[PDB]
């Protein structure tokens, strides 16, 4: 379908648009390159583990590698729908979003390669709840935007992607990585990568908050849709958390070897806390 005009021919960028400002920050804070991370110490750490200590870390890496890959692919329909509404500054920012996610995919794949599990298929650690969110509901809600860009549809896409997948699960995964392996002194390259990912994620979540809030602001009834879509996904959120928890409670040789009181009750409550504070960043009014 045709371009009727061009904003930067008729006028300029809206330099005060929040998403143009977030775009600017993304360029400033987005220079990191996963190709510069030194994973040589991670290779040695991983090889030094027992086979039982080795399994301990694979579930979380499985959940993240697919997370990053899903969101790299699944942001495209959001950029399309906003482009078609003429929201140029949103699109500018989203180019940084998509590129961040490509780096995230790259970072986890480089780690798997470097530690020697690239040839191992980690799909086994995706249980039914994980598959529901990442194999199904995330691509459903995003691909919807190709044919339905109603406020309802846009809110639901930003809820699943930015508020749940990123704002709840990814954020809790970053915390979990630090609580466990940063305590242990293991896997320094991977944790440098996690620190960069977590910084990028702040912008991703702010795009979701801005997107959701700008639609709530038009019609306070969309607040309820937001809460509702958060609650609809919680069962799968926690059911993946319990599944990982059981996996860790059954494989505790890395816990004992490195003197890590892995506090699953505290990881669980951090997930709960993430979920509820994402709610509280959307004002009904």
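Residue numbers count along the first chain shown, from 1.
For the pair 252 to 260 and 57 to 65, the record assigns the higher mean C-alpha temperature factor to 252 to 260. Stretches compared: 19 to 27, 272 to 280. Higher mean C-alpha B-factor in the entry: 272 to 280. Between the residues 196, 97, 146, 125, the entry's highest C-alpha temperature factor is the one at 125. Among the modelled residues of its chain, residue 186 has a C-alpha B-factor that falls in the highest third, as given in the PDB entry. Ranked within its chain, residue 201 lands in the lowest third, by CA B factor from the PDB record. Residue 120 sits in the highest third of its chain by CA B factor, as recorded in the PDB entry. Ranked against the other modelled residues of its chain, the C-alpha B-factor of residue 130 as given in the entry falls in the highest third.
In the PDB entry, a CA B factor belonging to the lowest third of its chain's modelled residues is recorded for residue 33.
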